[PDB]
Amino acid sequence: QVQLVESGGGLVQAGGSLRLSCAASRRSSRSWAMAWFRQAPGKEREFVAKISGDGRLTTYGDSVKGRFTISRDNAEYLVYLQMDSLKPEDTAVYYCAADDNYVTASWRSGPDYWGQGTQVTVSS
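Residues numbered from 1 in each chain as written, not as in the entry; some residues may be left out. Heavy atoms only, no water.

Looking at the method and resolution fields of the entry, one finds X-ray crystallography and 1.85 Å.

Engineer: Mind laying out the side chain of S29, listing which residues take part and the relevant values?
Structural biologist: As for its position among the elements, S29 is in the loop between β3 (18-24) and β4 (33-39). For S29, a relative accessible area of 3% translates into the label buried. Apart from residues lying up to four places away in sequence, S29 is in contact with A24, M34, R72 and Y77. (Helix = DSSP H or I, 4+ residues; strand = E, 2+ residues; numbered from the N terminus. Buried < 20%, exposed > 50% of the residue type's maximum accessible area, 1.4 Å probe, protein only. Contact = heavy atoms within 4.5 Å.)

Engineer: Could you give an account of the packing of aromatic side chains, with specific residues and numbers?
Structural biologist: Counted by the stated rule, this structure contains 3 aromatic pairs. For the pair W32 and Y113, a centre-to-centre distance of 5.2 Å together with 75° between the ring planes defines the contact as edge-to-face. Placement of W32 in the loop between β3 and β4 and of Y113 in strand β10 (residues 113-114) is noted, with a sequence separation of 81 residues between them. Classification of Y113 as partly exposed rests on a relative accessible area of 22%. Among the aromatic side chains, those forming a connected cluster through ring pairs are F37, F47 and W114. One cation-aromatic arrangement involves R45 over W114; the distance from NZ or CZ to the ring centre is 4.7 Å. (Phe/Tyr/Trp six-rings, centres within 6.5 Å; stacked < 30°, edge-to-face > 60°. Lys NZ or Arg CZ within 6 Å of the ring centre and 35° of its normal.)

Engineer: Break down the state of the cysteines for me, citing the residues and quoting the values.
Structural biologist: Counted under the stated rule, the structure contains 1 disulfide. A disulfide bridge connects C22 with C96, and the sulfur atoms are separated by 2.1 Å. Of note, the bridge from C22 to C96 carries an S-S torsion of about 55° and is right-handed in sense. Here the residue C22 occupies a position in strand β3, and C96 occupies one in strand β9 (residues 92-99), the gap between them amounting to 74 residues. For the residue pair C22 and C96, the accessibility class agrees, reading buried in each case. (Disulfide = S-S within 2.5 Å.)

Now the structure itself:
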């Protein structure tokens, strides 16, 4: 069992950057792959980025590759998403998720645990 809380969302101008974080409640979170997805209302939830328990593996969705960076701090039990060069199509609710299986962490049906989300709105 893992519970997840996202912070850091809000309003940003296109071209700018924002940093999100996902806080896990327990030390054991380190054993889980963690992933960010996003969903705009009425659209399908979309994979954004994932990272292995030990931080050594990361994978990105094609539309954010080279603009976003996922990382994690297992001492504070946080996973971070650094978003650069934001575009209006990045506007969404951003969700962090945990999956004991790194490979299925990028698949909609993979993760076992989800946060409630944090809103990111890119104006332009």
